[PDB]
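Novice: Structure for the following, please:
(one chain, ligands or ions: 1)
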Amino acid sequence: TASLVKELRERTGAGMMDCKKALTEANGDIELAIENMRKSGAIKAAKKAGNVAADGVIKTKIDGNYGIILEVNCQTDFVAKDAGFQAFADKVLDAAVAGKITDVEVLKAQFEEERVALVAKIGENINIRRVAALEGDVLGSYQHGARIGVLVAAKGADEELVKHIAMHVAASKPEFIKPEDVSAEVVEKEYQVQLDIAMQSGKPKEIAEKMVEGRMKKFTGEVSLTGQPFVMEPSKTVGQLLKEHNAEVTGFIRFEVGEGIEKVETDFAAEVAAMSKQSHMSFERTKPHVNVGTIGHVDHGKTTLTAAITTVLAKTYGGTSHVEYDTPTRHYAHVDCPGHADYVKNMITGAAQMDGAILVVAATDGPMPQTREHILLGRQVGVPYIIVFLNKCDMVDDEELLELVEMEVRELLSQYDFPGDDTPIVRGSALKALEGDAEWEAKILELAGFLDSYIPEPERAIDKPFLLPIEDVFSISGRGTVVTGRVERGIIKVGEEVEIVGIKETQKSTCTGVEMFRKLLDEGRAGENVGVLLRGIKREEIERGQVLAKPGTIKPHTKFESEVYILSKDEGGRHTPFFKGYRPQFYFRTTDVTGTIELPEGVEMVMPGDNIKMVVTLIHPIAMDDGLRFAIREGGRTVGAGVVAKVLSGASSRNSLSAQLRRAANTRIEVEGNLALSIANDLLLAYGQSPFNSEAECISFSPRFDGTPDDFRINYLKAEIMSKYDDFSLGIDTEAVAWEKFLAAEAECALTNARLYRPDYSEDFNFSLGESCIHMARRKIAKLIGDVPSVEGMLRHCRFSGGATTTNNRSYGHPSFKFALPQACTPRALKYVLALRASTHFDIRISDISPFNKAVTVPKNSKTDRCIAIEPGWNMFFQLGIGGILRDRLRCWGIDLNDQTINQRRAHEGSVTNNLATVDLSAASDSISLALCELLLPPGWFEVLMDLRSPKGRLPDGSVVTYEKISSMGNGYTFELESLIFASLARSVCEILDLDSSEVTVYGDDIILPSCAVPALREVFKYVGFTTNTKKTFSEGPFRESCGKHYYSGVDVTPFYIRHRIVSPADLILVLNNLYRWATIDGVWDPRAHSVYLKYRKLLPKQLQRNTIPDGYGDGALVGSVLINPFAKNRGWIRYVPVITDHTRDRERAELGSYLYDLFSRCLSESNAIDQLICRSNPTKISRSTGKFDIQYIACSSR
Ligand SMILES: [Mg+2]
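Specialist: Numbering: from 1, shown residues only. Next up is the structure itself:
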């Protein structure tokens, strides 16, 4: 009978088919069946311990000054926080205190019976693992939710102190209590093993020794509660925080749930895909994308059901680790929720929201104790609609036991404010439906049947009440103020009435038009990147950040309560917790806005990597409503994100310090002679190295390529370092040399334009390696390229940018001064610009129209200046057109040009391996002869190339040259060309020699191809024109150089260069820093140099020798430790440090060319953690930078 297997099910907690089946064994007896199930119930447990128990809680209790902590494990998050699992792990914590139990086995078997009294009721491997206890004079404890627990005994302190040092251990994981506790053997050998780390690298004993130890000193220092900067005052270690207060800590004990256990990683997608790999062996894009989630008990089959849905909906219909399947009416994305917290994170971050859960319980057992914890997770995230699937029903012969389980779950729902009476509950098997069984097949379709109707359609984005995050405001002359944005939702039809609400008293206005770059429309449609014309509203009555919304739609607020996830260390978030007074920025779709946050009832600290519900109160209002995502930002970097739940009702730095630094900074450091040249020699001397004798030498010294690695790295830094110093007096040297050079660039280029049209050797015998490769080249080339540049790719890849155009100058470089002022044009190229004009309603003016560019002079070395090209600005628009397609294409040859990392890497392989060589090319971009050009190019190309090319050039000297080269460096494509031209050329040498074409990788005149290929590439290059650098091409050294990394037998031997005469503090602060990077092995000096560094650091204004920043945060300060910074004030939990900026007066942008720039972009952007998505690219502001400096406060973290 059914009505009586419920009295036995509601007194045990065990299963429903373990209640009706153990009841037929007691012939029908109540206390009989319960006792039989008892003993037959520890086989369940034993059957369980074959699963990994990873989650679970931690518990702590202290008696006067005797405390204890034990972590009891489960296998699921949800369980760890259930009604019952707390009652058990709380009793095994209370009886561990009184009856004090250090030895673990004691209570594991003293409870062992009541431990199978859970595994039975719940069905999770629950093993009360390790326990210990500590006692001191005053011993305190800290508890972070329940995932991690600290036990700290400190003989000599009060209560506020241990609470806080419990929290510092809680969030810092010190392994030892002091830097001496170090296993005197674990240290007598990790120093005798790191003593090679540098002793092999060639360093002389006493350096490796001192180095290993300075290192080993920190190795310890940091991992020890002594040398661990306190977590609420990082500017001082707990070492001094402890000695400064009366105390000392006798010991500490920190357990974190799950530590040590592996728990192999799970992948819901392939796991359901490979599960149905057994049963797989038997115009309409407008459909809504409703995603769902399966939530429930680990092995009640959320996974075997999520399989049946997919195959059964496969033989019945059409088509962030989310599996997906189809229905006639809509498209579904399914996700599993094996973790309460782990879910929250995904829903806050936006990696997967949810429209409708699907609680999967198995009717074999009915609801579990912790199925309320499931319904919970769903109530909290506020999932609108839940549907329950009752699984494995074939195994209930009695049909009244089903409307019983239904009964049980149908109320668990309504204890949690879901329509527990009215909700769909389908009864079927997830597995019988896998075996192609029609009667249990259609119960699956029965669920996907409910997917269609009960989980309501999400409101389409273009259906909501119009909104557009204003990203910029221009004052167009003759056309009235205008904003540019992307319409978030809704529609705006030219002539309707909008509001501009957010940061300032909400204002209103009216739409006077809608236009793109190409076509001018009359309405904006959600999803589009449009600009919107207004009237009766000036351009300083608007700010990037407020929204353009239909009136009443949305209102500005300053106080709201939200729930955010703050990023872990790994995820590039904070590496340091924060507390009561967090004062960050909160990025809202388009702009940072500072705020102040108040934790909830109980949380006092927050750690990098946990979730949180908090009350954000910003400085000024912002337009919003619930469902809106906001990034949590810190001086530029995201360290969190979070969503908005309820809109509550909304109620340091210095004078002469910011200014005391400013002075310093501006001061001119001063010295007799060549400062740089001395900082050199004193470093040469520091390393035992006969110093430079005359300025003459700094640049005429040639390394030796033997010595140990160390014996080189120095000698190398010695040859290089000074090389590019612009200020050497000693020198009949000029830039007249520079043109003398560029003048044979032609004289050569000619000869090769000549050579390259005439090879018919009077006979048939002669076959030369040149002809051949250019022949393979042409073919290879064409295969990759196309017959001629499509237009589809000409219009996304054309763009303005950079600085100098024949019309604009360095100062008017920004792309808006290219749309602002009318730009030159080669005769030929004209058409293109007309074709552009023919495609926008804005007026693509052109200024003059010459075949002329400007040849010029830019300092580069000491022994020569550099020749470059300032092109017609409309040519360049288009020269970067094909530039960017020669880019996209060169990828099929494995060449990426955005990435000079996959070209230094190999430089280093070659220095150990000796197989790849590095070549280096002299007259690079300045020798690609027109001859060679067409020989290799589809002519469809070689034309659109001769078009955009600049043909003649205008010198400084007033004189002219007409070009022998097809391009000079600075031509909008002269890069992606020479790359492809050299790549093909090598890739063809490769074939001629049976070497892998796959081995040639390139970037500029920096080529890497296999070492044997090199001697041909020499004759092959000799022929086509290029004059190769025998000196800087290494096909056999211990040494390769490529893309700014140099290498010696696999170590880095790159130098750094002293480019300018050093006279500013910003100037020295640099050099000292690059000497810092060049000689540190992770914060740890090499003595030989730490001497010369220190010395010269004393040339600085005082305040400036102690002002230090981490690494890769600038050169506006000395790289060093930021906790030692005296000026560094920790505001609002975020450590703002001060650095030297370059000083810049504001200038006025062309509101139109700045506007055209903005909208051409929306176009180009239209023709192209998980949190970059709530982020933009920003408006245009100008400035000419004075020689003066300035001091900016930024945002830091200690490492
Ligand atoms: Mg190079």
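
Novice: okay, now the domains of the chain?
Specialist: 1-284+649-785+863-1139, 285-460, 461-554, 555-648, 786-862+1140-1199 (curated CATH domains).

Novice: would CSV of these with mean neighbour count be doable?
Specialist: The C-beta positions use only the backbone N, C-alpha and C, and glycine is treated the same way. Converted to CSV, those look like this (neighbours: other CB atoms under 10 Å):
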stretch, mean neighbour count
domain 1-284+649-785+863-1139, 18
domain 285-460, 19
domain 461-554, 18
domain 555-648, 18
domain 786-862+1140-1199, 17
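
Novice: who wins for proximity to the ion among the ones you listed?
Specialist: domain 1-284+649-785+863-1139 (3.6 Å; CB to the ion).

Novice: Is there proximity between the closest one and the ion?
Specialist: Yes. Applying CB under 5 Å from the ion, one finds that domain 1-284+649-785+863-1139 is in contact with the ion at 920, 1006.

Novice: residues in contact with the nearest residue to residue 812 once chain neighbours are set aside?
Specialist: Closest residue in space to residue 812, ignoring its immediate chain neighbours: residue 821 at 7.1 Å, by CB to CB, 6 or more residues apart in numbering. Shown in contact with residue 821 (CB atoms under 8 Å, 6 or more residues apart in numbering): 807, 808, 812, 847, 1150, 1153.

Novice: Likewise for residue 176?
Specialist: Applying CB under 8 Å, 6+ apart, the residues near residue 176 are 182, 220, 223, 224, 225.

Novice: which residues does it bridge with?
Specialist: residue 224 (DSSP bridges).

Novice: do you know how far it is from residue 71?
Specialist: Going from residue 176 to residue 71 by CB to CB, to the nearest Å gives 21 Å.

Novice: picking up where we left off before, want to try CSV for the contacts of residue 821, with distance to residue 588 and secondary structure as columns?
Specialist: Converted to CSV, the contacts of residue 821 look like this (distance: CB to CB, whole Å; DSSP: H, G, I helix; E, B strand; the rest coil):
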residue, distance to residue 588, secondary structure
807, 40, coil
808, 36, coil
812, 34, helix
847, 42, coil
1150, 29, coil
1153, 29, helix
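
Novice: how long is stretch 21-33 from one end to the other?
Specialist: This stretch, stretch 21-33, spans 9 Å end to end (CA to CA, to the nearest Å).

Novice: Distance of the closest residue to residue 1126 other than its chain neighbours relative to residue 179?
Specialist: Leaving aside its sequence neighbours, residue 1126 sits nearest to residue 1106 (CB to CB, 6+ apart; 5.5 Å). Distance of residue 1106 to residue 179, computed by CB to CB: 25 Å.

Novice: Ok, residue 560 next?
Specialist: 46 Å.

Novice: With residue 227 instead?
Specialist: Taken as CB to CB, the span from residue 227 to residue 179 is 6 Å.

Novice: so what's in contact with the two at the same time?
Specialist: 220, 221.

Novice: Identify the residues contacting stretch 215-228?
Specialist: Contacts of stretch 215-228 (CB under 8 Å, 6+ apart): 165, 168-169, 172, 174-179, 181-182, 187, 190-191, 194, 237-239, 242, 249, 252, 1081-1084.

Novice: how about it as CSV, C-alpha atoms only?
Specialist: Taking C-alpha atoms only, stretch 215-228 is exported to CSV below (Å, rounded to 0.1, in the frame of the first residue of the first chain):
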residue,chain,number,x,y,z
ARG,A,215,66.0,35.6,-3.0
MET,A,216,65.8,32.9,-0.4
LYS,A,217,65.5,35.6,2.2
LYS,A,218,62.3,36.8,0.5
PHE,A,219,61.1,33.2,-0.3
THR,A,220,60.9,33.0,3.5
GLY,A,221,60.2,36.6,4.5
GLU,A,222,56.9,36.6,2.5
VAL,A,223,55.5,33.1,3.3
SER,A,224,55.8,33.8,7.0
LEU,A,225,53.2,35.7,9.2
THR,A,226,56.2,37.8,10.2
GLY,A,227,57.2,39.1,6.8
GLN,A,228,53.6,39.3,5.5
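
Novice: wait, what's in contact with residue 883?
Specialist: Contacts of residue 883 (CB under 8 Å, 6+ apart): 797, 972, 973, 975, 976.

Novice: Can you redo these as CSV, where the extra columns are secondary structure?
Specialist: Converted to CSV, the contacts of residue 883 look like this (DSSP: H, G, I helix; E, B strand; the rest coil):
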residue, secondary structure
797, helix
972, coil
973, coil
975, helix
976, helix
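
Novice: Closest to residue 1178 out of those?
Specialist: In terms of CB to CB, no member of these lies closer to residue 1178 than residue 797, at 22.7 Å.

Novice: Helix or strand: which one has the closest residue to that closest one other than its chain neighbours?
Specialist: With sequence-adjacent residues excluded and distances taken as CB to CB, 6+ apart, residue 797 is closest to residue 884, at 3.4 Å. Per DSSP states H and E, residue 884 falls inside helix 873-889.

Novice: I'd like the next helix or strand past that helix.
Specialist: The element immediately downstream of helix 873-889 (helix or strand, assigned by DSSP H and E) is helix 901-913.

Novice: roughly how far out does that following helix sit from the chain middle?
Specialist: With CA atoms, centre = their mean, to the nearest Å as the basis, helix 901-913 stands 25 Å off its chain's centre.

Novice: so what secondary structure elements neighbour the next helix or strand after it?
Specialist: The helix or strand immediately downstream of helix 901-913 is strand 916-920, counting by DSSP H and E. Packing contacts for strand 916-920, counted by 3 or more CB pairs under 8 Å, 6 or more residues apart in numbering; DSSP states H and E, involve helix 901-913, strand 1006-1010, helix 1014-1024, strand 1039-1042.
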